[PDB]
Structure formats: C-alpha cells, structure tokens
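All remarks here apply to the structure that follows.
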Number of protein chains: 2
Amino acid sequence: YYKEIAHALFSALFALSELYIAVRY
Amino acid sequence: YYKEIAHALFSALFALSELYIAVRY
C-alpha cells in the first residue's frame, strides 16, 4: 500500500513539475 | 515545444490516475 502510494506521489509530482518546465522552457 | 507539453500532459494525467487508484485500492 505504501509502496504504490509513494511511487504514485513521485510520478505525479515528477510529471507535473516536468509540465511546468516543459511550458516555461 | 508543444510536443513535450503533450507528453507531459499525458504523463501527469496517467500519474493522477495512478495516485487515485493507489490511495483507493
């Protein structure tokens, strides 16, 4: 349960921050 | 420019789906 939630957060945070970086630069 | 936005939009979209499922089931 932890292993999936943690990874999900990581993937969510990553993909979003990438989007920010993708647009701005 | 937009090519990377699309990939990022998709990555985040799947990632939030991943977080939804992980927290739920």
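Residue numbering restarts at 1 for every chain of the structure tokens, chains are lettered A, B, ... in their displayed order, and ligands are numbered from 1 as they appear.
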Chain B near chain A within 7 Å: what's each residue's closest atom pair and its distance in Å to one decimal, counting only C-alpha atoms, ordered by chain then ascending residue number, as CSV?
residue,atom,partner,partner_atom,distance
B:4,CA,A:22,CA,6.1
B:5,CA,A:22,CA,5.7
B:8,CA,A:19,CA,5.0
B:9,CA,A:19,CA,6.6
B:11,CA,A:15,CA,5.4
B:12,CA,A:15,CA,4.7
B:15,CA,A:12,CA,4.7
B:16,CA,A:12,CA,5.8
B:18,CA,A:8,CA,5.7
B:19,CA,A:8,CA,4.8
B:22,CA,A:5,CA,5.2
B:23,CA,A:5,CA,6.0
Take chain A, superimpose it onto chain B by least squares using every C-alpha atom paired in sequence order, and output the result as a CSV table (one decimal) with N, CA and C atoms, in the first residue's frame.
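Contents of out18.csv, freshly written:
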chain,number,residue,atom,x,y,z
A,1,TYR,N,7.7,22.0,-29.1
A,1,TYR,CA,6.9,22.6,-28.0
A,1,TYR,C,5.7,21.8,-27.7
A,2,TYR,N,5.0,21.4,-28.8
A,2,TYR,CA,3.8,20.6,-28.7
A,2,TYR,C,4.2,19.2,-28.1
A,3,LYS,N,5.2,18.6,-28.7
A,3,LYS,CA,5.6,17.3,-28.3
A,3,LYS,C,5.9,17.1,-26.9
A,4,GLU,N,6.4,18.2,-26.2
A,4,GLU,CA,6.8,18.1,-24.8
A,4,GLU,C,5.6,18.4,-23.9
A,5,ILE,N,4.8,19.4,-24.3
A,5,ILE,CA,3.6,19.8,-23.6
A,5,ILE,C,2.6,18.7,-23.5
A,6,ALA,N,2.4,18.0,-24.7
A,6,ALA,CA,1.5,16.9,-24.8
A,6,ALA,C,1.9,15.7,-23.9
A,7,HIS,N,3.2,15.4,-24.0
A,7,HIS,CA,3.7,14.3,-23.2
A,7,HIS,C,3.7,14.6,-21.7
A,8,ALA,N,3.9,15.9,-21.4
A,8,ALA,CA,3.8,16.4,-20.0
A,8,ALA,C,2.4,16.2,-19.4
A,9,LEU,N,1.4,16.6,-20.2
A,9,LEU,CA,0.0,16.4,-19.8
A,9,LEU,C,-0.3,15.0,-19.6
A,10,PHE,N,0.1,14.1,-20.5
A,10,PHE,CA,-0.1,12.7,-20.4
A,10,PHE,C,0.5,12.1,-19.2
A,11,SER,N,1.8,12.5,-18.9
A,11,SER,CA,2.5,12.0,-17.7
A,11,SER,C,1.8,12.5,-16.4
A,12,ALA,N,1.4,13.8,-16.4
A,12,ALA,CA,0.7,14.4,-15.3
A,12,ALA,C,-0.6,13.7,-15.0
A,13,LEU,N,-1.4,13.6,-16.1
A,13,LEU,CA,-2.7,12.9,-16.0
A,13,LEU,C,-2.6,11.5,-15.5
A,14,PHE,N,-1.6,10.8,-16.1
A,14,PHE,CA,-1.4,9.4,-15.8
A,14,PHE,C,-1.0,9.2,-14.3
A,15,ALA,N,0.1,9.9,-13.9
A,15,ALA,CA,0.6,9.8,-12.6
A,15,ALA,C,-0.4,10.1,-11.5
A,16,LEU,N,-1.3,11.1,-11.8
A,16,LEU,CA,-2.3,11.5,-10.9
A,16,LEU,C,-3.4,10.4,-10.8
A,17,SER,N,-3.9,10.0,-11.9
A,17,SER,CA,-4.9,8.9,-11.9
A,17,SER,C,-4.4,7.7,-11.3
A,18,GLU,N,-3.1,7.4,-11.4
A,18,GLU,CA,-2.5,6.2,-10.8
A,18,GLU,C,-2.5,6.4,-9.3
A,19,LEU,N,-2.3,7.6,-8.8
A,19,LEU,CA,-2.4,8.0,-7.4
A,19,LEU,C,-3.7,7.7,-6.8
A,20,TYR,N,-4.8,8.1,-7.5
A,20,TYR,CA,-6.2,7.9,-7.1
A,20,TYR,C,-6.4,6.4,-7.0
A,21,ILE,N,-6.0,5.6,-8.0
A,21,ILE,CA,-6.2,4.2,-8.0
A,21,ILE,C,-5.3,3.5,-6.9
A,22,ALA,N,-4.1,4.1,-6.7
A,22,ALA,CA,-3.2,3.6,-5.7
A,22,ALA,C,-3.8,3.7,-4.3
A,23,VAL,N,-4.5,4.8,-4.0
A,23,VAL,CA,-5.1,5.0,-2.7
A,23,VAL,C,-6.3,4.2,-2.5
A,24,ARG,N,-7.3,4.3,-3.4
A,24,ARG,CA,-8.6,3.7,-3.3
A,24,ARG,C,-8.5,2.1,-3.3
A,25,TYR,N,-7.7,1.6,-4.1
A,25,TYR,CA,-7.6,0.1,-4.2
A,25,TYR,C,-6.1,-0.4,-4.0
